[PDB]
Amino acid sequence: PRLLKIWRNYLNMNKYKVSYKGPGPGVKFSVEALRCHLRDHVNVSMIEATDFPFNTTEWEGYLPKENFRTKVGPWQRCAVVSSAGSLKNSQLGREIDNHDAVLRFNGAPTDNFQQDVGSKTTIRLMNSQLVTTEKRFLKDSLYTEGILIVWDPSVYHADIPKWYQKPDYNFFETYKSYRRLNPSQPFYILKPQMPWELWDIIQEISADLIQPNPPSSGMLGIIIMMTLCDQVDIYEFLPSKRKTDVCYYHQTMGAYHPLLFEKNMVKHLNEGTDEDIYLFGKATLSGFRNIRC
């Protein structure tokens, strides 16, 4: 096939040194089993102040006051809105606001786009690349709403102390400055391992090898919300008839994230109809709270 690109990646470009030792790809999972596996083995938590070197004087007082779980959520109904241009002229704005909590990505604005993407922002998941390279992040007031979470690609299952020395993007200083400016706004840092714990499951069930790069923010977001909501609506992750190669706002596929396989997994767990995906690009997945495992 054309997956030679992946194997080529392993022989001389394994940037994250991924060494998958789990059940070879292709493991068949019923919907409920996959849901439990995802629930028990993808530990979605934030870096705590007891995690060295965040327990040192340099990081003293900089991490959020209260625990992530005992502050954010839970909620009954939630929505995950991708930044896909497929949302332009979707009119999903209303529907989207009709949820308890909403999670958006990076700099996705709501101003002037409400009718399509909604006007609410409960949680905001951002890449370390954004917070590091975007000066507007320290000024634009859109980052002031809701809760913020930033994540940074790390070496395969690297320990926090190990990751900390070799961050993909060094965003620590910018993270600090922001905290001072907005001391009351909860701003967490995803644990370095959670992306890889999720990656491991995606690989476990995929037909074959997947890109040795972490899951996209989209996939991480869907996961985060599943541990916080009873129900989760995902808009335009699984593309609709309005599929396009740009964001709904002027700054979009790639060859980094194992996007294809993340999509197949969400499709497997989708409780919605094919029509709603085609017309609305809407998928509905159950959260973890009430499942039996």
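In case it trips you up, residue 1 is the first one in the sequence shown, and so on.
Gap check for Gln251 to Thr252: 4 to 9 deposited residues are absent from the model. Taking the mean C-alpha B-factor of each stretch as recorded, 257-265 and 43-51 are not equal, and the higher mean is that of 43-51. Taking the mean C-alpha B-factor of each stretch as recorded, 25-33 and 65-73 are not equal, and the higher mean is that of 65-73. Between the residues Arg104, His99, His157, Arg136, it is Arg136 that shows the highest Cα B-factor in the PDB record.
For the set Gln114, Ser141, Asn170, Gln211, the PDB entry assigns the largest Cα B-factor to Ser141.
Per the PDB record, residue ranking by Cα B-factor puts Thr132 in the middle third of the chain. Sorting the modelled residues of the chain by their CA temperature factor places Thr273 in the highest third. Ranked by C-alpha B-factor against the other modelled residues of its chain, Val232 falls in the middle third.
In the PDB entry, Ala108 places in the middle third of its chain by CA B-factor.
Looking at the C-alpha B-factors along this chain, the one for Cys247 belongs to the highest third.
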